[PDB]
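Report on the structure
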Amino acid sequence: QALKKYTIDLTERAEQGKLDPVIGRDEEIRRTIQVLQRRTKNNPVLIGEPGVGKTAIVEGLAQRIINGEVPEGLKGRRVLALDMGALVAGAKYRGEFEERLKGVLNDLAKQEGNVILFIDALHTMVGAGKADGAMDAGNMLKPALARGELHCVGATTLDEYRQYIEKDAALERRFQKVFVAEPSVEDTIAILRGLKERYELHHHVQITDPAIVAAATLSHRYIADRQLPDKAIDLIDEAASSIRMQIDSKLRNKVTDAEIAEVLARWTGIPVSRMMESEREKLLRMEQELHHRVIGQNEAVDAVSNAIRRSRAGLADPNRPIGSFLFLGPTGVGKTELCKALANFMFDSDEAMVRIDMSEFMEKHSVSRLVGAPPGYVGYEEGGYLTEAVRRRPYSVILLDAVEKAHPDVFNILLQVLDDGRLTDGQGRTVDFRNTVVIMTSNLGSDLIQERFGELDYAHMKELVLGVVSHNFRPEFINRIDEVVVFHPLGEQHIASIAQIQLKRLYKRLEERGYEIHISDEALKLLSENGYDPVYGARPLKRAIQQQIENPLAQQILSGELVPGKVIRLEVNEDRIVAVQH
Amino acid sequence: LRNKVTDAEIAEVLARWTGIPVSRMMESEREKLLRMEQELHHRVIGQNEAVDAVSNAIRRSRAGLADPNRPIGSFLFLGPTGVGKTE
Ligand SMILES: Nc1ncnc2c1ncn2[C@@H]1O[C@H](COP(=O)(O)OP(=O)(O)OP(O)(O)=S)[C@@H](O)[C@H]1O
Ligand SMILES: Nc1ncnc2c1ncn2[C@@H]1O[C@H](COP(=O)(O)OP(=O)(O)OP(O)(O)=S)[C@@H](O)[C@H]1O
Ligand SMILES: Nc1ncnc2c1ncn2[C@@H]1O[C@H](COP(=O)(O)OP(=O)(O)O)[C@@H](O)[C@H]1O
């Protein structure tokens, strides 16, 4: 009949057992039954945020009907998953949709109060038969709803509920709101323990139950895209397919929690991966790798090494971010170099990061540049720069440079940030900063540091510059810092080592060009004499390397003088540096 | 345990309807509620003033003596930086 054409019996499928076991949801199914045994407006609607198991509530109710675990008034009923695409499709003629829907309604009256109706996507039922001068499904179902003589069950997302049903109050009051919350962690672990049998029967592999509880735990903590139980189910399924292809292509036979971590790190790259000996010996050689690019300035290397080790070691403060820092020193001591060193350690690249230089924000209102603009105003549909740049890749490094340049009340934003890792952009959603490192640099007591780094300890220098910082900032803000570090002007040996590093990357780029070039150490001594001052550090070394290398060497390369394969000693002139061809 | 419909039944349905706790006090909830001053001091130690104050506020809610035109808690916490206001 017409019920055969447009409806699908879920209860016959659960009678075949071809539906999923549904475990839990007891108050939700009980209130759904309480609404379904009424006199007027029998119709519960499963308002719940997208992917918390709303279809599975009705499927589990169908299974409880088949098992006979319902009250006596529901024993022997039929749940029919109504189809909207079956009804819209065949009707470009006038009245043909209304013909079908009225025939369905007369069949449902004919079934004598035995058919439970399930309508997935109730928001699809709203704009259903919207042809020019045509009733939708609302204008035809709406009689039989509030006489109680239809046993509809809605299932809709809450954002679809606002736009598509709360806009139409008449059909909005015909139903009964059933909030279906995202489950907490422990109950989701229980549900996943229920569903282990299905995936074991599907992929013929086994699952570690610690991997299950780790998938639920890490999914609730780190992934902010989807919602429970959906994200954890997808973790388990994708791990199962990965193990199946590891076996079948070319080891193991189960699904460990390390496989869960590999799935999560493949999905984003938050380094939940366990400390393998390459990674763990890398992490124990933290300061050694930081002094592969940054000579000197030991104490901040120590502090950030400590913070990243406490992050990776499973001792993360789960609400504050990784490290809430503050760098302080005179101009040109490689503060940005240390930040690029962290980026290169973490991501194998300097500019795989976000640097936002706060000298651009010397006015107040650029707060709205990084957090966005409210509803109504100009740049609403774009988001703040900082929030979006986190919202793509949350495991990153957020760098603020020249923090003395901006207005003091930009730093209520970072009060939020360093309190909880939370930030709310102009559209009004939270952005998790629990995988970020915040570094702020200034040159506050640079006169005081250049004056008194000699003949003083590190500690009371930090004390005195902290007093200067309290003269600068707010007591709220500097409480949020994990650790304030102090930089110092470098000796000439540090600048000679930096010149060695610049010669290393120069010879790297000239082997890329294809030239075997060496240097006299006297030329290194002359370059150390040239770009040196205690007041400015190595940016004079930058310009000295720039001029006295990049001008004559590249001038003689383009002069046809430098032949590849020749030994090229960068020896000295009387006042300059000369290359040879030997 | 019942055969009729009472007003506490309506309170149970209305609490399952919106969220607001209008159901009459089961003894686990009420005995948890009396210790509210004690129960806050397992995460906020010290600052007895607003702990007792807010416990008084939520007791004014659940007992039923709230102002039915004004919200329950209308507080202004004031304290130095890091003494557990947010906590
Ligand atoms: N209590 C539960 N017991 C067993 N499986 C569950 C339970 N809750 C959710 N699931 C599973 O979670 C997965 C997704 O739930 P679904 O109901 O299919 O998604 P959904 O509720 O339709 O969400 P939308 O609205 O389609 S985005 C399915 O594989 C369900 O089997
Ligand atoms: N009485 C307390 N009991 C327990 N933890 C406390 C207490 N007072 C402060 N804390 C700690 O305070 C930290 C956060 O305090 P907050 O309330 O955020 O600071 P605050 O009270 O908001 O002050 P400001 O000006 O906003 S920084 C948490 O990490 C708690 O551990
Ligand atoms: N320890 C160091 N290691 C490597 N390069 C350095 C170091 N100190 C200074 N430099 C050079 O000096 C410059 C200092 O950069 P930056 O940290 O931006 O200076 P500032 O201290 O003003 O922030 C860098 O561009 C870099 O080339």
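That block above? That's the structure.
Summarised in this report is the structure supplied together with it.

On to the pairing of strand β3 (residues 78–82) of chain A, then. Residue and element names in this part refer to chain A. The element β3 is extensively covered by neighbouring structure, given that four of its five residues are classed as buried. Sheet analysis places strand β1 (residues 7–9) next to β3, joined by three bridges and oriented antiparallel. Note on β3: the bridge partner recorded for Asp9 is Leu80. Bridge analysis of β3 against strand β4 (residues 115–120) gives five bridges, and the strand direction is parallel. Residue pairing for β4: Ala81 is matched across the bridge by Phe118.

Residues and elements named next belong to chain A. The strand order across the open sheet built from six strands is β1-β3-β4-β5-β2-β6, with neighbouring strands paired in mixed fashion. A strand with exactly one partner marks an edge of an open sheet, and here the two such strands are β1 and β6 (176–179). The mean inter-strand angle of the sheet, taken between neighbouring strand axes irrespective of direction, is 25°. Sheet topology places β4 next to strand β5 (residues 154–156); two bridges connect them, and they run parallel. Across the sheet, the residue bridging to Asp120 is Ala155, located in β5.

Here we take up the sheet that holds strand β14 (residues 517–519) of chain A. As a general point, the strands of a sheet are linked pairwise by backbone hydrogen bonds and lie either parallel or antiparallel. Residues and elements named next belong to chain A. The three strands lie next to each other as β14-β15-β16, forming an open sheet whose pairing is mixed. Edge positions in the open sheet fall to β14 and β16 (577–579), since each of these has one partner strand only. Across the sheet, the axes of successive neighbouring strands diverge by a mean angle of 25°, strand direction being ignored. Taken together, the three bridges between strand β15 (residues 568–572) and β16 define a ladder with antiparallel strand orientation. When the bridges of β16 are listed, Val572 appears paired with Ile577. Packed on one face of the sheet, helix α26 (residues 492–513) meets β14 and β15 and runs near 160° to β14. Helix-sheet contacts for helix α27 (residues 521–530) involve β14, β15 and β16, and the interaxial angle to β15 is about 50°.

Rules behind the numbers
- Each chain carries its own residue count, beginning from 1 and running in the order its sequence is written; this scheme need not agree with the entry numbering, and residues with no coordinates do not appear.
- As they are written, the chains are lettered A onward and the ligands numbered 1 onward, keeping that order.
- Readers should keep in mind that the chains presented make up only part of a larger assembly and that every value pertains to that part.
- No hydrogens and no water enter the side-chain calculation; it runs on all heavy atoms of the structure.
- Residues with missing side-chain atoms are left out of burial classes, side-chain pairs and their counts.
- When a residue's accessible area, from a 1.4 Å probe over protein chains only, is under 20% of the maximum for its type it is buried; when over 50% it is exposed; and in between it is partly exposed.
- Think of it this way: any DSSP run of H or I at least four residues long counts as a helix, any run of E at least two long counts as a strand, and we number them from the N terminus.
- Two strands are counted as paired when DSSP detects at least two bridges linking them.
- Lines are fitted to the C-alpha atoms to define the axes, a helix being fitted only along its stretch in contact, and any angle between axes, read from their N-to-C directions, falls within 0 to 180 degrees.
- Here, residues are in contact when the closest pair of their heavy atoms is within 4.5 Å.

That's the geometry; what it means functionally is another story.
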